[PDB]
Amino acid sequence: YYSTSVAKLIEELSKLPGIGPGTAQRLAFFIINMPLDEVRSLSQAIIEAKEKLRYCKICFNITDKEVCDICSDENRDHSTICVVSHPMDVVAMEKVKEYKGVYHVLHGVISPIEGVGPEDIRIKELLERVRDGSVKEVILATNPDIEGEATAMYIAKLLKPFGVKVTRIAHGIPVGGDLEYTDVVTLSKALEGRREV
């Protein structure tokens, strides 16, 4: 079949997302052909990322320290909080280079097979950050999904009673998109949200 070990690697690698049995092989071999120092590194890396991983006690983003890097920054507005459902969403948001607020990851909002060793949702703490802080606005940056919606709504409900300006990220036509082509839904929301001048 396959050298019992090489067999093994293929299995591990295949368990990965988007990594199919074919591309699995190609990689097993590259790896195996790689230089033992290079190989070690790929290996330390994979394991140390798992144990070291931790979740900011302030915003619940992924990070390696007790409190995340954004949070403990100082050069950033801790009075605008950008709400988000999944930690990658921050890395998306964060390549914007023109946002200066902090964030809040609601976790178990996306709870597919969640609670993986104890992954639970964080709405309560979002409130207490607002209920007990001095927050100006709360930007909901969640999916135009029918799932991204209803979060945006719900949460706008829990926050409305406070003094905060709750706002949602804009839905419509992507920069460099063509309405000639766009989805009707899309372009249908694109209508609903037309803004003066």
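Heads up: residue numbers just count along the shown sequence, starting at 1.
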Review point. Between 69 to 77 and 114 to 122, which has the larger average Cα B-factor in the PDB entry?
Key: 114 to 122
**Study point:** Higher-B stretch (mean Cα B-factor, as the entry records it), 55 to 63 or 138 to 146
**Key:** 138 to 146
Practice item. Please place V109 in the lowest, middle or highest third of its chain by C-alpha B factor as given in the entry. Key: highest
Review point. Split the chain's modelled residues into thirds by Cα B-factor; is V91 in the lowest, middle or highest one?
Key: lowest
Review point. Should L16 be placed in the lowest, middle or highest third of its chain by the C-alpha B factor in the entry?
Key: middle
Revision key, fill the gap. For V184, the third of its chain by CA B-factor is the highest
Exercise for review: Among all modelled residues of this chain, ranked by Cα B factor, put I173 in the bottom, middle or top third, i.e. lowest, middle or highest.
Suggested key: highest
